[PDB]
Protein chains: 6
Amino acid sequence: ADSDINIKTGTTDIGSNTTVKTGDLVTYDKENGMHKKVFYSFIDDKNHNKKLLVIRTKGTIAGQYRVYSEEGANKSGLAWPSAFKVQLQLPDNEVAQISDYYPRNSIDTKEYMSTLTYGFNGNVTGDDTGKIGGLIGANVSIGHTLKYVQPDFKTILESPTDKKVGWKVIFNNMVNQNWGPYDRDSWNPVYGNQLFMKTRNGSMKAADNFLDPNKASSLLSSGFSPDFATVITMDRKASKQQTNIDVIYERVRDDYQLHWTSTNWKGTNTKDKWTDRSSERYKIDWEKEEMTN
Amino acid sequence: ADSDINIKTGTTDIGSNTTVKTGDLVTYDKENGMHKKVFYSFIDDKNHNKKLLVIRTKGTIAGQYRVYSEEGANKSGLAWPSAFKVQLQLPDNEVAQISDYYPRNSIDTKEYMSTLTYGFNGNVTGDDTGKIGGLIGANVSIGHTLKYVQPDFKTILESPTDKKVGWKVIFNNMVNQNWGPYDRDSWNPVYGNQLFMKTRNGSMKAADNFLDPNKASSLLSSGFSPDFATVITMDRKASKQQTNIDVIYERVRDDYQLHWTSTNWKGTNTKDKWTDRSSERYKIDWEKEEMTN
Amino acid sequence: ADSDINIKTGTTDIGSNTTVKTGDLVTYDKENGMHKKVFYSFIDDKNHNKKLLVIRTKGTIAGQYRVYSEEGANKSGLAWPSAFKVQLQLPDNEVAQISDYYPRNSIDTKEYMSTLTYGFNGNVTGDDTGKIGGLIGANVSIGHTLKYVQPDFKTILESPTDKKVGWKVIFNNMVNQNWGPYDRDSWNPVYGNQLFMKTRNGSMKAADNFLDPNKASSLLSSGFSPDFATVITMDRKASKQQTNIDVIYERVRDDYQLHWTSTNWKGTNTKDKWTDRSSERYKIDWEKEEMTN
Amino acid sequence: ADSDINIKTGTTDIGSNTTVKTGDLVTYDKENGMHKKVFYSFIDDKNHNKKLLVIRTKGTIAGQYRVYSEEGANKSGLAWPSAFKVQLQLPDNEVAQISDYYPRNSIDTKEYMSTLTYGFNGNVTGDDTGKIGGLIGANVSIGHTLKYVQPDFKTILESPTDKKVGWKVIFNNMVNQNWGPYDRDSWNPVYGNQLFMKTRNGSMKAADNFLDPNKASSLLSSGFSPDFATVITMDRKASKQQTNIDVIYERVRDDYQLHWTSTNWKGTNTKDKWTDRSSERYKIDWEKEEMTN
Amino acid sequence: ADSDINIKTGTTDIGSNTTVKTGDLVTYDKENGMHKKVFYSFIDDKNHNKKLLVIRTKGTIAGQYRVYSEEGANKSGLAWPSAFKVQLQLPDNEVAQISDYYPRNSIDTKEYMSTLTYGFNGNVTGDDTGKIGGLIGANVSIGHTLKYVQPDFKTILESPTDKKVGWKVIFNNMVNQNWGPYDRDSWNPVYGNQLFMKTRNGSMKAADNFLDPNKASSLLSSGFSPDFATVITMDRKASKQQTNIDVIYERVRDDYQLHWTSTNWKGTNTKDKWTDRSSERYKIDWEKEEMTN
Amino acid sequence: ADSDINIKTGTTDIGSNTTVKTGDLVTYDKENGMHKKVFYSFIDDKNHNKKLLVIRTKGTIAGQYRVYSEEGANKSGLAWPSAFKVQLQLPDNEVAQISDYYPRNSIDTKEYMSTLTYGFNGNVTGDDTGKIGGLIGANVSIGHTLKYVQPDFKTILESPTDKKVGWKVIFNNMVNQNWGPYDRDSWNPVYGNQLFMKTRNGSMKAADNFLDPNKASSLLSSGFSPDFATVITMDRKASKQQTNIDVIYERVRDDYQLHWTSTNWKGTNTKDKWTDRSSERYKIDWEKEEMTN
Ligand SMILES: CCCCCCCCCC(=O)OC[C@H](COP(=O)(O)OCC[N+](C)(C)C)OC(=O)CCCCCCCCC
Ligand SMILES: CCCCCCCCCC(=O)OC[C@H](COP(=O)(O)OCC[N+](C)(C)C)OC(=O)CCCCCCCCC
Ligand SMILES: CCCCCCCCCC(=O)OC[C@H](COP(=O)(O)OCC[N+](C)(C)C)OC(=O)CCCCCCCCC
Ligand SMILES: CCCCCCCCCC(=O)OC[C@H](COP(=O)(O)OCC[N+](C)(C)C)OC(=O)CCCCCCCCC
Ligand SMILES: CCCCCCCCCC(=O)OC[C@H](COP(=O)(O)OCC[N+](C)(C)C)OC(=O)CCCCCCCCC
Ligand SMILES: CCCCCCCCCC(=O)OC[C@H](COP(=O)(O)OCC[N+](C)(C)C)OC(=O)CCCCCCCCC
């Protein structure tokens, strides 16, 4: 908070009394279903030290959640998106540098609660025959309760070097049919990984017996639309005013297969089966303030 | 957050010191009961890279929740809106492209809570006859609690290609008569799908025995009014300054039938029975900045 | 959110650098107790496409909650407002159209919580005679908890056509004497519909035995004041610049009668007994920007 | 709160009607994986008393979470970041001084709840033989509940002297596999420190049996990006207008080793095993208002 | 709230259309580890009645939490900061006065909840021999629950006279090892004051057996940074325009000693053992609007 | 809310385009420890109807919590502030009037919750000898829960007449040693009023056995600083432009005495023992817009 040091709010920011030449580039990769788009902005504030360029890789990545293979009613497969990734890179010999990037790793908290209870009890028992009985008792109780919030997909910021910065979205865990949350490594000796399992012992065809995409999380089927910001600074006295950038939109899928053993379905997951990458190279012209490709 | 990179807030946005020519077009489709409307705005900022056009498909889609067929008191049917859809498409040969779209798939979270309890107990029992008894005990308890919020209708963003983008609204599940939430695939061996069932074993006429539309969710009967935004960019040097768009407002209904077997009502649901589509083609004139049709 | 597409906030709105000629018309209908009022505003922004007119039907509708008929102490009646309605309509041959309307159907959510508990137990029992006993036990528990918020009166938006748009307020359910919520269709074999019942088996006069209006919801007795907004657009090249509108403020009452059978009171409800409508026709003059009548 | 003393808000702040010359310097230390960056701003308000300079050490520090050594399946090690540190220092003979620093130690609160319950009980027991029995009882209960929120990593502000100021981020405790929170000093006689333990008695290779980095907290693997602000004031009449600063980005790792004793895995932690420091010296030129190096 | 009297918000404040000459003075007291700093501002609004001066004693006070003395493994001591204080004073003969001071005593609230429960019970017992038994029971329960939030350190405003005003921060109570909150006066017959005790009956060296500073509250080890505001008014017609102020940063430490009696550790606390004061005298020159020393 | 009537926000307020001459007067009453201060503002808006003057009686009142008398170890007393009061009055013959006053009586709410539970139970018992037993049971439960928040000190606004207006702060109730809240009228047959009691049956000296001021609420010891606003209007055509005001800062103390009967301490409270008043008379000069004294 800038106002917490007594500095008037907004004084230290950059971009006042200047003209910013924004832009936009959109490209669709039919092969991988990645509607990538980048929205840039050239800021050159005279009071600043270096020329600036903010790249916002909005785009969108499809889900690709479908049953790829079926072999009769005995067994069938399924491919689902294990994690989405997007990164920006620069040539090793380039002179520009990565300055900032908004979505960053943040610390996570958890509640905690301790309970202690003392008790006392006493009753008097009697019957018709005149018998009289008594009972005196006591009890103690100690309790620990711990609660926290865990999302289905967890965004991460990979260690950003000077030249390349990249994010990542992975599959934390999911709740199926209102049952206990499952994850890729979850295992049960009888049924196995029940992640995307419709019925434990249904009699339908194996390919049919898969969780309906609507029931599952949206990102699995309808894709994930990133919103990431990075800022690139280039010295104003550099001999060359042209730079090249590479943007990647890789998506990683997994193989989930359920198998009918004798009576019930058995689910197995094979992480990191396929990976799809869609890299496009853009060219930056600092002098003209336009990025084209 | 633009201010989190130290850039002055609002610097990177587009639309400053420019005149935007808005508009409006309203049309009602009596056949399907879809009061469709589009509210557009032409933004051509000199500091930007391409001409812009934002389309907000506000409109409204009716519910169409009524008992379509009745056959005596033995059985009767009912049609309800399973899902609402709206999408924008462009001709394959067009040069414009889809840039953005507001309502997007978002990650969902869930609470979690683990509990552990230790116990101790002891009592002394005595009677008139002088008998003295004792009791010492202990117990342990482990508990997992998981809570999350699930809406009745869940909006989704279908995988947006470069040329076409479309949303979708589906029926998650509903609570009937304060009873457990039901959904399309819910089944009970005795009664069956009790989704829109008034009384389990009422003696009234079959057509009468249906959940009152007021009790159910509003969207089922009174319709759903969308609010979706998309932005279309067209290069300023293109030879042709005219483009055509298509807007669709399809709505999908289901068939719900309850049947009197011997004593109680039995309910069955047949998903995706009917679909109603209302597509209108608009023409865009970038040079004059007006969309008409 | 306009700022979520990178457009500067407020750019796409209409009404900048223009003069709006507001107005006001108030009329009271003594027969039906409806203090109806409309607050209009003519907006004609040169950058827009059509002339605009926003109508805000503020007004107010009385409750009319009273004991209409009494027949000795054996039985008596009561009329209460089941639902309030207000709608705007245009002549079929008119050229203007309905564009927007603020209060719209919204999706409703519900919480959900699943619980699972394991237990263990063991005690050692002994007495004076040296007898020693043991006990080992275990238990499991499964719990589903579902919570949601339900208001007394639920506003709805009837399917809006091009020419007419109307809202509606209905009676969801009410809590009486801190007892379980009741509604119009609620029934109990012994007492019946106990909605507005003071005492189950009081000995007072039948007319007296009714819930005090203060205890009940406010809208029942003191009326409901609507706040609804609609916008009408008319093409700027139309031959005729005059339009007629109709505004209706209908209110629906129900008959609630309690009857002394032998020992306790019995309550019965007869929905949709009376309806009161108060329609006034206004005239719109686009050229002069004034609505009068 | 400035407005709480009746002073108009923002009156006492500094930075109005002045030009601030910002800047930026980025450097990457390949050896230690620390993408350090500093964003400075020279403020010289004529109404103020001294020249000002705010340094925001944004940067980023990698996680470095990996299995460094493995010796067959009997045992293997692991190094994880115990704490991240960053500090600014000035030469002892310098004339500038440290004025402020935003992230500061803050007081922490805890909930508290006391419960007291009285009880009464009575039952009548009878059998076919005509025997009649009674039971009267009472009980009391006292309960203390205390709850508070404890984050995984806890930022601290080391005692700031006049010349040097430094922050610190340490490892509070973590929740593993939904089990009770663990910390560095946690110990269990059977298993030991179960902090980063995959399975208690799994049969896999020792190196394999480690908690997946995705499951653990993000900062452990993907690094921690600091955001700390400090302000340096230098008198405007000083003979020398040049100052030197030192910025350090030390990171401390620990050694976590699990050992297979006879049947189950045993985990041991050795705090403060390695420390990595990356110090860079910057030069400040007050007269020209530029920091370079 | 100024707007609650119908006065336009901000009308009654002071500081509009005037120039405020701020300042800053920083000094570090190596002997006591108190990085004291004062940030002043001279406001002389022509519409006001007196000259104004707001002093914000930001500064910072070190924690000084360490084991001062150890005598073998039998016993050892510890000194921790019991309370931090800071006050401003004026000479008795001075003419200026204290007007305001932000952080002020505030009323504290507590929740409350009363519970009442009625019960009923009945079971039918039978065996093979045809014996039939019954049981009818009832019970009542009354419960009072009271919850409130209590911070570790509680800031107070000492009774402010005309000439001197001073704040105070004291040690409310702390939670150790997730156990019941402890305070200075807490006592246990077996162990004693268990405030900063690592293990109840550990076998390590006495000096070693102390709570790790990281586990404890931050203010204990890393110090407390105050933020207090006071405003001084001086008449504009006074003969002398020079005033002297004194600022004190006293810190009070306590002695905590744990002692090995025969088997377990015993902890004893001796409140108010040492006090450290660091007073500096500043000179105020109203005519020149500068405070120097 | 002004914007809820369609009036542009802030239109109806007073104070626009005018100059307000503020002020300040501070006086300390050594005898009673009341640092009283008044902050006035003369507003004369030409569009208004009367001259305005807002008086904000900020000031501060000391706590005066101490053991006044002790008589050996058998008994001792204590005086604590029961209630703080501040009021403004005008001479009866004056022409000015009291218009407004911010802190006003506000309605207080309470939660409420009704619970109902049905149960069922059944078990099968068997032993080695082949005996088989059964048990079928049921139970019902009704519960009322009511929760609300009650502060320690409750501010009130005494009935404001035309000439005088006064506030009041009283002692609602307090929580001692985490035990049930106590108040002035609380009584216990064995111990008595245990409000400020350290230990029930401690053996220390009577004067020593009193609750530590730090443990109690802050206002008891460190005093209460009021913040109250009132506005006085005087007609602009009045013959006399001078008015006199009286400001009072009375504080009421109570006598709390604990007495050693035979084994335990007994506490008694005598409400309204002493009262301290400090009234100062100010003179208002409307023509010159200055209040002096
Ligand atoms: C895997 C299990 C590892 C052992 C964990 C030990 C830490 C938990 C301590 C514990 O049980 O809580 C403390 C309780 C409650 O009493 P306290 O709060 O200590 O008050 C003393 C009253 N008392 C003498 C009648 C017992 O007092 C006790 O009963 C404590 C007795 C000494 C420690 C052993 C307790 C066994 C707990 C499983
Ligand atoms: C479908 C069921 C699959 C098995 C799930 C195992 C995971 C749950 C572990 C569990 O029951 O919780 C741990 C408990 C509580 O004690 P801990 O927290 O382990 O402390 C040890 C104290 N104790 C030796 C007296 C037991 O200690 C135990 O009693 C654990 C014993 C070893 C695991 C088997 C527990 C059976 C749970 C159904
Ligand atoms: C109207 C009632 C329709 C039936 C509803 C079935 C769905 C509910 C399943 C259920 O009861 O929850 C699962 C429980 C808990 O254990 P799980 O979480 O399955 O862990 C297995 C441990 N166990 C073998 C010792 C039981 O394990 C069981 O006991 C499940 C046994 C198989 C399903 C039948 C359960 C009967 C529930 C009324
Ligand atoms: C490690 C344990 C140290 C001792 C802690 C003592 C402090 C806790 C006091 C306590 O147990 O709570 C007070 C209860 C509840 O009654 P009160 O609220 O005192 O009302 C009196 C009614 N009664 C005479 C029928 C009992 O009344 C009592 O039963 C209090 C009796 C005197 C104190 C001893 C209680 C033993 C608690 C472990
Ligand atoms: C240290 C203890 C001091 C005594 C505290 C007395 C204040 C608490 C009163 C109390 O126990 O709550 C009221 C209950 C519940 O019934 P009520 O709400 O009074 O309804 C009457 C129904 N009844 C006749 C069947 C009892 O009705 C009763 O059982 C109240 C009977 C009269 C007061 C004595 C109750 C004993 C409480 C410890
Ligand atoms: C100081 C006490 C004054 C009396 C307060 C009466 C008001 C409370 C009524 C009450 O107990 O709650 C109603 C319950 C629950 O059943 P309901 O919700 O009435 O459903 C009827 C089912 N049942 C016939 C099997 C009982 O049904 C009953 O058991 C009600 C029976 C008639 C009223 C007497 C109940 C006694 C309560 C202390």
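Every heavy atom of this structure was used, including side-chain atoms; hydrogens, water molecules and symmetry mates were not. Convention: sequence-line order gives letters A, B, ...; per-chain numbering from 1.
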Next on the checklist: Quick check for you: among E/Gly33, E/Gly23, E/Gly133, which has the greatest number of heavy-atom pairs under 4.5 Å with chain D?
Outcome noted: E/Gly23
Item to check | Side chain, backbone, both or neither of D/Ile14 within contact of chain E (heavy atoms, under 4.5 Å) | outcome: side chain
Item to check | side-chain hydrogen bond (donor to acceptor under 3.5 Å, both in side chains) between D/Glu94 and D/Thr243, worked out | outcome: CA-CA 7 Å; D/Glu94 199 58 11; D/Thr243 303; 2.6 Å; yes
Checklist entry - Do E/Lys168 and E/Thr155 touch side chain to side chain, with heavy atoms closer than 4.5 Å? => result no
Checklist entry - Taking the side chain from E/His35 and the backbone from D/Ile98, do they hold a donor-acceptor pair closer than 3.5 Å? => result yes
Checklist entry - Where on D/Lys110 is there a heavy atom nearer than 4.5 Å to chain E: the side chain, the backbone, both, or neither? => result both
Next on the checklist: Aromatic contact between D/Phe42 and D/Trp286, with the criterion being ring centroids under 6.0 Å apart: yes or no?
Outcome noted: yes
Checklist entry - Checking D/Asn139 against chain E: side chain, backbone, both or neither under 4.5 Å from a heavy atom? => result neither
Checklist entry - Which atoms of D/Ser106 come close to chain E, meaning under 4.5 Å heavy atom to heavy atom: side chain ones, backbone ones, both, or neither? => result backbone
Item to check | Leading residue by heavy atom contact count with chain D [cutoff under 4.5 Å; candidates E/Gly143, E/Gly63, E/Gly122, E/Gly10] | outcome: E/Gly143
Item to check | Toward chain D, the part of E/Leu219 with a non-hydrogen atom under 4.5 Å | outcome: side chain
Item to check | Flag if over 12 foreign heavy atoms under 6.0 Å of OH, E/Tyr148 | outcome: yes
Next on the checklist: Ring centres under 6.0 Å, that's the criterion: do E/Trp80 and E/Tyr65 meet it?
Outcome noted: no
Item to check | CA sep, side-chain torsions, deciding dist, call: D/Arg253, D/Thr275, side-chain hydrogen bond (donor to acceptor under 3.5 Å, both in side chains) | outcome: CA-CA 6 Å; D/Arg253 307 200 303 279; D/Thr275 70; over 6 Å; no
Checklist entry - Is it the backbone or the side chain of D/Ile170 that comes under 4.5 Å from a heavy atom of chain E, or both, or neither? => result side chain
Checklist outcome for this item: Scored by heavy-atom pairs under 4.5 Å with chain E, the best of D/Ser159, D/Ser99, D/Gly119 is D/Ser99
Checklist outcome for this item: The interface call for D/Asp45 against chain E, heavy-atom contacts under 4.5 Å, is neither
Next on the checklist: Under 6.0 Å between ring centres: does that hold for D/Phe153 and D/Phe171?
Outcome noted: yes
Checklist entry - What residue in D/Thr233, D/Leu116, D/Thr129 has the most heavy-atom pairs under 4.5 Å with chain E? => result D/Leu116
Checklist entry - Side chain, backbone, both or neither: which part of E/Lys154 has a heavy atom under 4.5 Å from chain D? => result neither
Checklist entry - Quick one: what part of D/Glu111 sits under 4.5 Å from any heavy atom of chain E, side chain, backbone, both or neither? => result both
Next on the checklist: Any non-hydrogen side-chain atom of E/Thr57 less than 4.5 Å from a side-chain atom of E/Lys37?
Outcome noted: no
Checklist entry - Looking at E/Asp227, E/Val149, E/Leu52, which one has more heavy-atom pairs under 4.5 Å with chain D than the rest? => result E/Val149
